[PDB]
Each structure stands twice: as structure tokens, then as C-alpha cells.
Amino acid sequence: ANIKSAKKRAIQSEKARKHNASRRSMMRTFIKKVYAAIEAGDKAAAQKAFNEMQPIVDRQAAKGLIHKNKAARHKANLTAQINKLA
Amino acid sequence: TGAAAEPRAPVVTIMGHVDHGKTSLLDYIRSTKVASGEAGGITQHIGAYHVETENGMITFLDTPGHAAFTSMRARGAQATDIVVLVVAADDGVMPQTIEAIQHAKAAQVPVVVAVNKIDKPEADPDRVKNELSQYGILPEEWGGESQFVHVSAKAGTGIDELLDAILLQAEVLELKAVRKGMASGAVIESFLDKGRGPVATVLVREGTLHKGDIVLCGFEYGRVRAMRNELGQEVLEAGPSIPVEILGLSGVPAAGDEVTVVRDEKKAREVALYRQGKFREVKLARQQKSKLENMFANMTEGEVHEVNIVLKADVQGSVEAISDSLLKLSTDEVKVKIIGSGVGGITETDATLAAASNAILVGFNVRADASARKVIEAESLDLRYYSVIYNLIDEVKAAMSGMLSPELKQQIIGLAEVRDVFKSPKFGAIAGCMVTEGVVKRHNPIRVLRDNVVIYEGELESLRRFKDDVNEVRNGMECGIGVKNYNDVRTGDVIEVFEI
Amino acid sequence: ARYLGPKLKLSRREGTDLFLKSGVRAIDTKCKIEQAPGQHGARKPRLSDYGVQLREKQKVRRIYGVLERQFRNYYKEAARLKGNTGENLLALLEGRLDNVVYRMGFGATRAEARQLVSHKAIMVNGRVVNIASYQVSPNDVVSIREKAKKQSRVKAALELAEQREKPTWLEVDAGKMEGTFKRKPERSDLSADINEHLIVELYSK
RNA sequence: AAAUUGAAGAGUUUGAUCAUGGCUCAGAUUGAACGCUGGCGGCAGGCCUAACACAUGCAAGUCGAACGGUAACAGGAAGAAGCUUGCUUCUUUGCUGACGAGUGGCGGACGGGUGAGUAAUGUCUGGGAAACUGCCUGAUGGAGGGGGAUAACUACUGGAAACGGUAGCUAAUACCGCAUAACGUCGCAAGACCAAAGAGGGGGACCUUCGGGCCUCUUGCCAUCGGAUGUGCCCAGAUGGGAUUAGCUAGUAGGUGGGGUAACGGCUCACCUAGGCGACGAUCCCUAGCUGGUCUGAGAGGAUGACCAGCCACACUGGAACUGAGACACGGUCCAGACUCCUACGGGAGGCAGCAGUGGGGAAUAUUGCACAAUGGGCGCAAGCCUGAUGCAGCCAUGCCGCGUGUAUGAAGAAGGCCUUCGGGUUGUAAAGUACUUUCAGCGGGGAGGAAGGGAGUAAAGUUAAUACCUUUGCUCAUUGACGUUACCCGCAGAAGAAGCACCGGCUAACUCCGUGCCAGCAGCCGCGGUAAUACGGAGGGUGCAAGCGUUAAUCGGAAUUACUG
């Protein structure tokens, strides 16, 4: 970049990018564990997995990695499905 | 005003026959050595470079000596306070060097000289002194006040003496200038740039400058946007001594002229336009005379065939100078003329200029514009740029030499004698022949002669042997011939066929 | 921006006195008043309908010292204004300062009055107005400023003025060299061999 | 009170006529150009062409009151001395006024440029419902206790440069756990789950580890529900032409369910139904940013979309997402393309449709200027710093408006020119002469306003333990204008420095002589030119405009000549 701060911003945005990426990848992992339990038909594994997932979709919302509404749908959606089976 | 007198750095020019290592003297002092780093190995351009050396300050200017640069050496002499003439003991005196002698005396500029080669054993100073003794210029210790210097120019040997003479020669004469006042001077060389715009290299006689000051060069006017000095990209102030490239002028001025700054631009607008009117009035005047001079509707003879050329050179100094040398190669037979000499590069209206009348488009130094390539590539034309003027002056001549179409005589293809004429309805006659030499052909012209004088002339229409009607007949083979518009066939005459 | 040439030519072309000289002289002893200027002045113009309209507009313009652009703009304003356009044109002309200065007798001619104005010799409401076309309003007081009061042109100008018909809508004190634009002149105040409707016709076609 | 209360026709077909019908003119208008000419000023306008390419400067920073900090300069200091004993120079130490480089915060999504693309994820009018929304704002509560890092820096090392490699080492409002957790999110509910950060100003007992504790106020941080502003989304109508384009469509149209977004939605995927669009113009092709408005017209219309303002779209070309409240980013990143610059040859760098400026194209369009003083934007508690936004200045008669280039007097009415039947007519009161004025330009002298604020003190209130500090409001003192030689006013000199352009046969205001002789030439239309040419060219005279005047280009008018009105 040409301007002093523009240079600095590219550096900061890359750091943030690697920070966000790391936390975001983690989060989707814990979401995916729940969908995987559901697809195997286990209430407990899927409830257990939902309980681990809950606090982290909530936290990443508070931290701006995602919006509150996204966290809610995930909880709403998974909760809907797990109940529909056991 | 104020009549303030301050000393200045002397402006010096150097002249000679090409090859006295005139450039080497400057580059060694400048500790640059740009020589032989450029195309051609010689300096085809003019430039001024100021250096700082004890004692005081001095600047150097140089112009190449060639048959072609009649104007540059003439203007460079009158501008400089001191002129230097390089001479070699091996070269001695040459017709280009004596040409530089006249420029020194006619400009009433004092002259000091230097012997270029002390290195070569076959080179001696005494030869130079005595042979140039005959000419009133360059006396030594005869009471003619002129001093000779002996330098290596390669060795880098002093020099100490030459430098001293130059400082002294400028010291002995009163140096007159002023630090503040109305700026004025002359233009060294002008050219055109793409980003920067039209620019000029200007020696300022009275040294003063400012970004806000209005400057008027010739019939061109404008405000200075920026100032550049040699390598230095920007200079705030410029004195009467050191030269500074000027920028921001309306258009590319004349190759050289007197430049004067003014207080306001509005007052200088009418003056600049006034000079254009006179230059335009004489332009139409010289146009009417040359056309009416013949006093006839056409040329009295067959020299009417001519060649046209289109020239745009990056520098303004060349187009006027080399054209004069380009008119030297002109001859009565083939006439060559320049059309639309440009200040730089190439343009749409220039390519259009070569489109109307067939011509070669050449430039001392030029590059093709994006809009220029489209036109040149589409229609059939020729784009050729030449680093040196010598390669140009040779090929234009070449273009001219080719233009000529002279046949001064041809070589007989075959010679045949005719005997026992026969009658034909179509051609009226068929003359039986026997080829004694060569091969007879159909469409090649023939010369019919009797007793060494030519009875008739023509070109064969039908070559026929028997009923074969072959297009070719060798020697010592029976052959037959007939032609239209030939009434009388007599034996003993010989027909001479010749190729063209 | 001003007509600077011979003046009686204008009167001679329009067929009438345009008051372009002081009036000290019978105009017929200064020029051949009843003959147009030029080689062919004696010739009569068998004059077209357009011609009579043109000459009438020229006449009024030449009286007041107005060139075409400004005068056309005067028509435009007269038209825009309420009431009869032809009469509005003459109100606007007659309200000009160079004009009013002339009518109070401070200048022998409108040309002279205009020079008085331009040369900062005239005040309006004790305030210096130096542009000729300044529109003067009811109750305004225009005066010769103190320094210009001893100019002999002005005394002579007031003498001649005293010998012209005296305008109703102006109250002039010759001693003080001040005067008051009481009201806009009516149509009936102004000469009756001006044909405004012709000028109105010229500018509507 | 007033505020669309407005409308013209002429020449030219014919021997002549009436009708038909086209061509042409008078008018307004212009971002104009060219030709001749050119004094001043105020206000405006100024690449319409190549969304062609761009050298150089400048156009986005700021905060030490978040943080480790010193390298510059500035003081200060135990202690070195300049020592001529209070003046001091340098060795030192961030002690502090400040501040390069660094982390961090907020801004680089605004301001400014352009109109390429787009006949619709556009615009205009009018409505909807499923949403987010930095800074500013109201409400109610938090602001507890910890942890591992890292740039800078240090050491070693690679590069021509750009910029790197190792290992050390350290701070925070950088970063992450843990606690706390509802009028929040999920859930019928029971329950389950989510955050944070300090930094400054001043200070009375009181005292220590002299750091501060503690007292107090300012400010920032977290949560939730609002306000305001901004933005996303959906529907209807309108918004160019072409059928010498009539059929178009597989995410296509809908349904179910999963996923997805801030949010509704074929947004996406699977499955199912077989629909959906189209002569009320789909599809395809050409062209084009839309509007307020602008020009013209009595109007209805016609033409149009510079300058100002609103919306959209773009940022070298094609594609992409990252950061962020906001971007798929005008001076950010990545890939590919076109192109250019640097290089020590191994490798690097850049994108003016920001402001100046350059080349190129063109009939044609400006200075590489001054200033943040004013308004407004970014950061900061502030002081202030930045701001080619903006305010101004330069250039060009490009346009609009104003003014000047003198005023008055001046006759047998001169000389000269021009016409003349040689009587005289004209140029012409024009000139000369005579008085007289002095705008503008020139030169000196003086001198508003655009300035509100901000700075020291002071006093009062609200604060509080407090007269501190903070903040508000009065007081005084000294100050802030790029323009600028400002506007404007006074003085001096003299008519002194300031008039050109087109036209004069009819249309059409303005007539004669000489030259030419179907030539040279004119010509908007008719039509002029072969011996009297008011039509060519010169002259005298005249007409119309006037710092302009003509010619060319261009829209509408007249044209009821696309006729809805008609």
C-alpha cells in the first residue's frame, strides 16, 4: 500500500483474519458435531454436543465474529431437530 | 536598473573537427564519462554543464563540429564569452576546424586552445603551432596574447595550464553581470516531453528567476511551472552563471533566440502574437515567390519527378540544422523537400500528412503513440527512426537514387539475317531467317538495319517456324519472322533483337 | 458603450429635434434639420411598415442615450410589469438618473447630465450614485454634491432648464442644487409624438 | 395585494391565378469554435473529443489523556565544569515540554472525480415487512479475579534494492480463560448459555513499601430495551427504438424439508408437482446512467440531462474475498491480463475518471499558485494537527450585467475626400478653435466587513470533604484575514491611455460613382456578372450592432410541415 496507515491496516486486518479464522473454524467444528450426532440417531450424544456448542456460538456472537441472530438459529435449528427424534 | 555589477562564471564553448576528443575533455573534468555510452559513439546533441572547481566557478558548453551543424556552432560562439578550439597534432588542421576559426573571430570572442594528444609519439606541438601560424588566430609568444595548452585528454594530465588559462582569460577581461534585475538570455536547446510538456534549456545573461515570474521566449509566452538544473530535479533560484532548463512555456520555441521575462503575462500576450503575425506574413510571402518564380505553368524539363519526406525530431535544434544539410544532398534531377517538421514524437495529423502524399516518416528520436500505431499499421506506410544523422543522410539519398529509371542501352539477345521472304495475309510479310548468334525471343524488341543503318524499328508480334510457332529460336537453327507495319523485305539485311 | 459621433445627424435622420444640444440655438441654424444625413438625404424614404417601427424605437433610444441591449432589457421589464407595456417602457426610461439629472436642469443635455453622474458629481439621498442607469424612486432627493456646486456648467444648465417647460413630478431648488423626484411621471406628462405601441409592436413579432 | 392574466408573418413553382407542397428567412437559446477587432470591472463558466496514456509535487490522517518508550531538540539535575564565581558546555540519567520508529484506538466506506456499464439487485412516484445500524442520544445495571503472548528493542546473519532469517526479551484500552448473567439469546416450560478496560485533573484528617492508597470529578469499556440517522429487502405504475427479431424458460415456475443471510426469498440443495413468461410485445438486436430541472413553445408539445442538488454505477481490464457497524474498498489486499518504471540481473515497484501539470486526439476548454482566516469533515479533554473539501487568487470577451473611450460651445458651413446636370449638394457642429469636466486606467494618501472563537487571568453557580479540578455563564487584558496593493473614501496630472465589426437588389433598416465585362467574383432563399452592375471589387455616403461584430455548428420556434389540443 502507498499511505502509511494503509500499510498498517493491511497488517492489522491480516492478523484479525487469522484470529477470526481460527475461532470460526473451531466454532463450526462444534456445530458440525451436533449435526453428526443427529444423523446417527443419538439423543444423548446430540444433546451433549449441543450443550458444548451453546456457550461458544453465544460467545462468538458477543465477540462480533458472528451476529446474535446466527447464534440463535443454530440453537433453534439443532434444538428443533434433536427433539423431533428423542 | 541600479547598474549593479557582479562577477559571473564564464560560459565556454568548444569546437573542432570530429574526433579531437572534445567530449573527453568535459567528461574527465565532470568525472562522468558519458562518452561512448550513447548511440553513435559521438555527441550529436548540445548541452551545458556547470562544475565547481578552484578557483571560482566555471561552466562548460559543447557543440559537435560537422558539415551538417551550420547553425549550432554559429549560435554557440556568440553566446559564450570564451571559445576553446581543440586541435590534435596527428589531425593538424582540417576544413572543419578552419570553419570554427571564422566563428571565433566573427563573434569577436577571445580564444584559447589545447593540444589533445601528448600520448602518441608521432604527435608533436610544433607542427600545430606553425601550420596555424599562417592564420592570424593562435599566435604563441609572438605578442599575440594567445596561449597554448598541452593535455593528454586520456592521461588526464593537466589541464592545470588549460584550466588556468581559461580562468585567467576570463579574469583579465571584466566580468559583467547582475544578481537582481530584469532577467534575459538565450536558449541553448529546446525539446518536447510527454509528461513534463514543452521545455527549453536557457542561458540567462542577467541571473534571476522565480516560479511566479512570467517568461517570454520568442513568439511563445507562459508562466514557469517548474525549474530543472542538470541532474538536479528542482532548483529554487538560478543565477546568471549556471544554466537551468525552463518549463511551462506554451509551446516548443525556436532552437535559439533572445528570451526576456516580463512583469505581467497579459501585457506580453499581444507582443507574442505580434511576432507570429510577422513570421506568418513572411511565410506566405516566401510561399508566393517560390511558386511564381518559375514564371510558367510547369517545369521546362523532366525533373518534375520528386520525393517527399516527413520529419519529426524530439529536439528543436536538429530539425532546423539537419534540414539545411538535407537540402545539400538535393539535386536538379531529383528534388527532395521536407514537409511539416515536428517539435517531437509523432501524431495523428502527422501520419495523416504522410497519408495524403506518399512519403517516408522518419525521426531523429521518436516513439509511436497508441493512436499513432493504429493508423500506421492500417494503411501502408513506413516508420523508421535513426539514432544518428549520418545513417539518415545516407538512406534518403538511397531513396532518391532508386527513384531514377535510366536505360542507357541494352544487350542484344540475338542477331539474325533474313532470306527468301514469304507472303502472309495477316502481317503482310514473312521473312525467312537464319540466326547466326544468340536466341530470338517473342516479346523482346528488335532493330532492323540494312548496310549498318537502321531501315526500320519495332517489337516482334509473331515468331513462327513452320507451323510450330515456337516462342524461341536458337542460333544456327532455321527460323521465321513477321511483323506488322513493315512493307519491304530485302535480302542481305540483318535484324538485331535485344532484351531490355 | 456610448454613441460618441455627430449628434445632429441623429435628429436629422429621425426627422425631429432630439434635444442633443443645449437649446441655446434654433436647431435649423446649426444643421439642415429637415434633411437626412448623407449624399441622398434629399431622397424620400417610401418607408415600409417595419421601417416606421424601427425608426420610432431608434428615436426613443437616441433621446435617452440607450444602446440596444439595455433598451431591449427595458422592454422586457416593461412587459413583465403590470399595466400597459408601452407606458411602462417610458416610465423606466424616465426614471433613469442621467435622465432625472437632466430634467432638474443640472445638465444642458442628457449627455452632459450623464457625465455629471459618471464623474461623481451627483448624490441620491446624500449618497453618491455614479451609474447613469440608476433607477430613481418616488421621494428620492438627487443633488449636486458640494464640490460640484460651483461648476459653471450647472448654473447655465439651470438657466436653460428655467426656459424649458417645467416638469410636474420634480421639485427643484435651483439655489441648493437639490431636487425631489415626487412621483413617476404619468403618460400624459411625456411628449405625444412618441409612438410607444410601434416600439411594442417591433419587439413582439 | 400579487404569483402561466397569452398566440403576427415574409421570400420562392406560374405569363398571371387559386390550391397543394417542400425549401428558405425574421426570434429565442449555447459549456461553443473560427475570422476581424479588443479598455476596465462584478458574477458565472471553462476537455462536449481518447472510461487514451500519464513524469513530478500535493489530495488521509490524528491521539503521549491506551502502551513499552527515547532518537531527534528542548530545557532541567546528583555530578562533570564552561569558571571572568551564577552567566555557563558535556559526560551522563526520559526527570519533563515534546516526539522518530513500534503496538493500540478512531478515521482510510466520508469529502472529491467520472458516466464506462446498466432498458433494471437502476431511477421517479406511491406503498409494504421479514432487518442490521460506528460516532451522537434516553433508560437500568456491570465494570470482579487471572493467564499465556508479541512488535519495538537486543545479538547473529541474507539482499543492489524491495524487504527478510534465527534466537533473545517486554508493555497495554492488543489477545484468551475463569467468575458474575437478565427487562438478553435458545426453550411450552423446567432449565441451559453469553461481556468488559482502563486513562486522566485536583485533594482534607490519616499513613505506609513514597509508587501511591484513600477522597473526589471527568472520560473510556460491557450488557439489554429504546430514540435519531444511515442502509438492505419486497410490490405496483411510469421511465427509449426495432417484428427486415414471435416465440422464450431446467433453478426454469411453484411445493415440501435441510442449509443460508442482519433479514423475506430458488438465496442454496434434495425430493415432488409441471409449471412460469409472451402480441397489454416476451425473447433477441440497437442505443442509454435516471431525476429535480434546462432550452424552446401562448399552450399542448418538441429537444435535452454541463455547471447546482438527489439517487445509481464505476475506480487500468477480468475475477475474488479479507478486515470492519459499514466495502466486495477512488490514493487496501490476493490471483490473472494489458502496460510502465527501478536493478549491481539474482529480483523488485506502480495504476490522476482527486488538484495542478504532460503527451496524444481535437475546431476547442485554464496555473505544476495562496491559505486553512471563514464554513464543513477526520482525530484529540484540549491546545492543536490534517483537509487540491472549501475559501480565494491566475488564465480565456466564453456568457450575463454595469461603466468608460469625454461634456458644452463652435459656420457660409474651412482644407481634403465624394457626387454634380459646375449653379451647388455632402461628409458636417463633424474637425480646428473656445472654454469645461476627470468616472475608469495611472500615481500617492487613508481604511470597513467576512472574527465566531481560542488564550491567560478573574468572579458566581452546579460539584464535592473542600475555596481544588471539571463545566456553564458573565468581566477585564493581549491576540487570530489566504484573499490584500480588499470593498469604499480623499488627493494629483491632464482629454489626456481606451472603437471596432457586419451590412446597404427584394425578403430587410441603409445609394451613388469608378473598375471589371457570363471574366474575376457574389450567393441564407429568389438570383446577380457580355459596356449605365445600388447584387462582383474599391471608394464616398448611409444602415444596424458596439468591446464586440460577423461566419460556422447546434435545439426549439415560426412548421396546422406527424395535426392530442390541431
# chains A, B, ... in the order shown; residues from 1 in each chain; ligands from 1

call {"tool": "interface_residues", "arguments": {"of": "chain D", "to": "chain C", "cutoff": "9 Å", "atoms": "only C-alpha atoms (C1' of nucleotides)", "output": "VMD selection string"}}
result
chain D and resid 8 to 9 26 to 27 402 to 408 411 418 to 419 425 to 430 436 to 439 508 to 509 511 to 512 540 to 542 545 to 547

call {"tool": "residues_around", "arguments": {"residues": "residue B:82", "least_positions_apart": "3", "cutoff": "9 Å", "atoms": "only C-alpha atoms (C1' of nucleotides)", "output": "PDB file with N, CA, C and O atoms, in the first residue's frame"}}
result
ATOM      1  N   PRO B  10      32.275  32.241 -16.339  1.00  0.00           N
ATOM      2  CA  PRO B  10      32.386  32.331 -17.799  1.00  0.00           C
ATOM      3  C   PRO B  10      31.789  31.127 -18.520  1.00  0.00           C
ATOM      4  O   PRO B  10      32.041  29.985 -18.132  1.00  0.00           O
ATOM      5  N   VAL B  11      31.003  31.386 -19.560  1.00  0.00           N
ATOM      6  CA  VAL B  11      30.428  30.323 -20.372  1.00  0.00           C
ATOM      7  C   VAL B  11      31.379  30.028 -21.523  1.00  0.00           C
ATOM      8  O   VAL B  11      31.760  30.933 -22.267  1.00  0.00           O
ATOM      9  N   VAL B  12      31.761  28.765 -21.670  1.00  0.00           N
ATOM     10  CA  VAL B  12      32.774  28.385 -22.649  1.00  0.00           C
ATOM     11  C   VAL B  12      32.252  27.332 -23.622  1.00  0.00           C
ATOM     12  O   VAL B  12      31.627  26.356 -23.212  1.00  0.00           O
ATOM     13  N   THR B  13      32.516  27.534 -24.909  1.00  0.00           N
ATOM     14  CA  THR B  13      32.157  26.552 -25.925  1.00  0.00           C
ATOM     15  C   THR B  13      33.413  25.965 -26.560  1.00  0.00           C
ATOM     16  O   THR B  13      34.471  26.594 -26.565  1.00  0.00           O
ATOM     17  N   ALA B  77      28.923  30.248 -30.472  1.00  0.00           N
ATOM     18  CA  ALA B  77      30.076  31.137 -30.404  1.00  0.00           C
ATOM     19  C   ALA B  77      29.702  32.497 -29.829  1.00  0.00           C
ATOM     20  O   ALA B  77      30.388  33.020 -28.950  1.00  0.00           O
ATOM     21  N   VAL B 109      35.030  36.852 -30.041  1.00  0.00           N
ATOM     22  CA  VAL B 109      35.243  36.148 -28.784  1.00  0.00           C
ATOM     23  C   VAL B 109      36.696  35.700 -28.683  1.00  0.00           C
ATOM     24  O   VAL B 109      37.212  35.064 -29.600  1.00  0.00           O
ATOM     25  N   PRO B 110      37.363  36.036 -27.567  1.00  0.00           N
ATOM     26  CA  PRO B 110      38.749  35.608 -27.349  1.00  0.00           C
ATOM     27  C   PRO B 110      38.867  34.088 -27.319  1.00  0.00           C
ATOM     28  O   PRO B 110      37.947  33.417 -26.851  1.00  0.00           O
ATOM     29  N   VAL B 111      39.980  33.555 -27.811  1.00  0.00           N
ATOM     30  CA  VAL B 111      40.112  32.115 -27.977  1.00  0.00           C
ATOM     31  C   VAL B 111      41.374  31.561 -27.317  1.00  0.00           C
ATOM     32  O   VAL B 111      42.450  32.157 -27.392  1.00  0.00           O
ATOM     33  N   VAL B 112      41.218  30.422 -26.649  1.00  0.00           N
ATOM     34  CA  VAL B 112      42.339  29.673 -26.095  1.00  0.00           C
ATOM     35  C   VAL B 112      42.195  28.231 -26.572  1.00  0.00           C
ATOM     36  O   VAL B 112      41.080  27.746 -26.748  1.00  0.00           O
ATOM     37  N   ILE B 166      42.070  29.427 -18.945  1.00  0.00           N
ATOM     38  CA  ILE B 166      40.666  29.776 -19.060  1.00  0.00           C
ATOM     39  C   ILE B 166      40.238  30.698 -17.931  1.00  0.00           C
ATOM     40  O   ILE B 166      39.524  31.670 -18.166  1.00  0.00           O
ATOM     41  N   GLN B 169      41.933  34.084 -18.600  1.00  0.00           N
ATOM     42  CA  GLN B 169      41.407  34.770 -19.774  1.00  0.00           C
ATOM     43  C   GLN B 169      40.064  35.408 -19.444  1.00  0.00           C
ATOM     44  O   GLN B 169      39.725  36.470 -19.960  1.00  0.00           O
ATOM     45  N   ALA B 170      39.304  34.749 -18.575  1.00  0.00           N
ATOM     46  CA  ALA B 170      38.044  35.297 -18.095  1.00  0.00           C
ATOM     47  C   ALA B 170      38.300  36.335 -17.009  1.00  0.00           C
ATOM     48  O   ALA B 170      37.478  37.221 -16.775  1.00  0.00           O
TER      49      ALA B 170
END

call {"tool": "closest_atom_pairs", "arguments": {"of": "chain D", "to": "chain A", "cutoff": "8 Å", "atoms": "only C-alpha atoms (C1' of nucleotides)", "output": "Markdown table"}}
result
| residue | atom | partner | partner_atom | distance |
| --- | --- | --- | --- | --- |
| D:108 | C1' | A:6 | CA | 6.6 |
| D:185 | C1' | A:72 | CA | 6.1 |
| D:186 | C1' | A:75 | CA | 5.6 |
| D:192 | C1' | A:51 | CA | 7.8 |
| D:193 | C1' | A:55 | CA | 5.3 |
| D:194 | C1' | A:58 | CA | 5.2 |
| D:195 | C1' | A:62 | CA | 6.9 |
| D:262 | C1' | A:67 | CA | 7.4 |
| D:322 | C1' | A:17 | CA | 6.5 |
| D:323 | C1' | A:13 | CA | 4.5 |
| D:331 | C1' | A:2 | CA | 7.5 |
| D:332 | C1' | A:6 | CA | 6.2 |
| D:333 | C1' | A:10 | CA | 6.7 |

call {"tool": "residues_around", "arguments": {"residues": "residue D:316", "least_positions_apart": "6", "cutoff": "12 Å", "atoms": "only C-alpha atoms (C1' of nucleotides)", "output": "number ranges by chain"}}
result
D: 51-54, 337-340, 350-353

call {"tool": "select_by_dssp", "arguments": {"residues": "chain A", "states": "helix (DSSP H, G or I)", "output": "PyMOL selection string"}}
result
chain A and resi 4-38+43-62+68-83

call {"tool": "atom_distance", "arguments": {"atom1": "atom CA of residue B:315", "atom2": "atom CA of residue B:61"}}
result
17.2 Å

call {"tool": "residues_around", "arguments": {"residues": "residue D:43", "least_positions_apart": "5", "cutoff": "12 Å", "atoms": "only C-alpha atoms (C1' of nucleotides)", "output": "ChimeraX atom specification"}}
result
/D:399-402

call {"tool": "interface_residues", "arguments": {"of": "chain B", "to": "chain D", "cutoff": "6 Å", "atoms": "only C-alpha atoms (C1' of nucleotides)", "output": "PyMOL selection string"}}
result
chain B and resi 194-197+225

call {"tool": "write_last_selection", "arguments": {"atoms": "N, CA, C and O atoms", "output": "compact mmCIF listing (two decimals), in the first residue's frame"}}
result
# COMPACT_ATOMS: atom_id res chain seq x y z
N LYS B 194 6.62 14.37 -23.01
CA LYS B 194 5.23 13.87 -22.86
C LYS B 194 4.45 14.17 -21.56
O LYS B 194 3.30 14.60 -21.62
N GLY B 195 5.10 14.00 -20.41
CA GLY B 195 4.57 14.36 -19.11
C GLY B 195 4.88 15.79 -18.71
O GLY B 195 3.98 16.53 -18.31
N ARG B 196 6.15 16.15 -18.78
CA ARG B 196 6.58 17.49 -18.42
C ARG B 196 6.01 18.57 -19.33
O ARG B 196 5.68 19.66 -18.88
N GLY B 197 5.93 18.25 -20.61
CA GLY B 197 5.49 19.21 -21.61
C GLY B 197 6.65 19.84 -22.36
O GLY B 197 7.78 19.36 -22.27
N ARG B 225 6.19 26.66 -14.67
CA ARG B 225 5.64 25.72 -13.70
C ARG B 225 6.72 25.15 -12.78
O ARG B 225 6.51 25.01 -11.58

call {"tool": "residues_around", "arguments": {"residues": "residue D:73", "least_positions_apart": "2", "cutoff": "10 Å", "atoms": "only C-alpha atoms (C1' of nucleotides)", "output": "list in words"}}
result
residues 71, 75, 98 and 99 of chain D

call {"tool": "write_last_selection", "arguments": {"atoms": "N, CA, C and O atoms (P, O5', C5', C4', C3', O3' and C1' of nucleotides)", "output": "PDB file, in the first residue's frame"}}
result
ATOM      1  P     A D  71      17.961   6.752  22.090  1.00  0.00           P
ATOM      2  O5'   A D  71      18.089   6.106  20.627  1.00  0.00           O
ATOM      3  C5'   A D  71      17.132   6.339  19.593  1.00  0.00           C
ATOM      4  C4'   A D  71      17.583   7.404  18.614  1.00  0.00           C
ATOM      5  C3'   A D  71      18.366   8.547  19.260  1.00  0.00           C
ATOM      6  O3'   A D  71      19.224   9.193  18.312  1.00  0.00           O
ATOM      7  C1'   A D  71      16.262   9.348  18.532  1.00  0.00           C
ATOM      8  P     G D  75      18.141  24.527  25.644  1.00  0.00           P
ATOM      9  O5'   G D  75      18.283  25.158  27.108  1.00  0.00           O
ATOM     10  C5'   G D  75      18.186  24.346  28.277  1.00  0.00           C
ATOM     11  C4'   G D  75      16.770  24.261  28.801  1.00  0.00           C
ATOM     12  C3'   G D  75      16.634  23.822  30.251  1.00  0.00           C
ATOM     13  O3'   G D  75      16.851  24.875  31.170  1.00  0.00           O
ATOM     14  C1'   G D  75      15.135  22.567  28.931  1.00  0.00           C
ATOM     15  P     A D  98       3.642  18.890  26.042  1.00  0.00           P
ATOM     16  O5'   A D  98       4.459  19.402  24.771  1.00  0.00           O
ATOM     17  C5'   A D  98       4.380  18.709  23.533  1.00  0.00           C
ATOM     18  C4'   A D  98       5.743  18.506  22.919  1.00  0.00           C
ATOM     19  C3'   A D  98       5.844  17.347  21.949  1.00  0.00           C
ATOM     20  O3'   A D  98       5.397  17.711  20.658  1.00  0.00           O
ATOM     21  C1'   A D  98       7.646  17.242  23.480  1.00  0.00           C
ATOM     22  P     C D  99       4.421  16.742  19.832  1.00  0.00           P
ATOM     23  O5'   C D  99       5.425  15.758  19.096  1.00  0.00           O
ATOM     24  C5'   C D  99       6.645  16.238  18.552  1.00  0.00           C
ATOM     25  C4'   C D  99       7.649  15.124  18.463  1.00  0.00           C
ATOM     26  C3'   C D  99       7.100  13.802  17.959  1.00  0.00           C
ATOM     27  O3'   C D  99       7.027  13.754  16.548  1.00  0.00           O
ATOM     28  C1'   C D  99       8.395  13.432  19.896  1.00  0.00           C
TER      29        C D  99
END

call {"tool": "atom_distance", "arguments": {"atom1": "atom CA of residue B:303", "atom2": "atom CA of residue B:327"}}
result
16.3 Å

call {"tool": "select_by_dssp", "arguments": {"residues": "stretch 149-182 of chain C", "states": "strand (DSSP E or B)", "output": "list in words"}}
result
residues 170, 171, 172, 173, 178, 179, 180 and 181 of chain C

call {"tool": "write_last_selection", "arguments": {"atoms": "N, CA, C and O atoms", "output": "short mmCIF file (atom, residue, chain, number, x, y, z; two decimals), in the first residue's frame"}}
result
data_model
loop_
_atom_site.label_atom_id
_atom_site.label_comp_id
_atom_site.auth_asym_id
_atom_site.auth_seq_id
_atom_site.Cartn_x
_atom_site.Cartn_y
_atom_site.Cartn_z
N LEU C 170 -41.23 66.71 -10.59
CA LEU C 170 -39.97 67.07 -9.93
C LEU C 170 -40.08 68.41 -9.22
O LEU C 170 -40.62 69.36 -9.79
N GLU C 171 -39.59 68.49 -7.98
CA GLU C 171 -39.48 69.75 -7.24
C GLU C 171 -38.02 70.16 -7.13
O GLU C 171 -37.26 69.54 -6.39
N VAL C 172 -37.63 71.20 -7.86
CA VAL C 172 -36.23 71.59 -7.94
C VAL C 172 -35.97 72.91 -7.23
O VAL C 172 -36.66 73.90 -7.46
N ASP C 173 -34.97 72.90 -6.37
CA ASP C 173 -34.47 74.11 -5.73
C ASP C 173 -33.15 74.48 -6.39
O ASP C 173 -32.13 73.82 -6.18
N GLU C 178 -30.41 70.99 -5.32
CA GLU C 178 -31.03 69.71 -4.97
C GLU C 178 -32.46 69.70 -5.53
O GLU C 178 -33.04 70.76 -5.78
N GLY C 179 -33.00 68.51 -5.72
CA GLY C 179 -34.34 68.36 -6.28
C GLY C 179 -34.96 67.02 -5.90
O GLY C 179 -34.25 66.07 -5.59
N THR C 180 -36.28 66.96 -5.93
CA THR C 180 -37.01 65.78 -5.44
C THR C 180 -37.90 65.13 -6.51
O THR C 180 -38.81 65.76 -7.05
N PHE C 181 -37.63 63.87 -6.79
CA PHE C 181 -38.45 63.05 -7.68
C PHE C 181 -39.78 62.71 -6.99
O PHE C 181 -39.91 61.67 -6.37
#
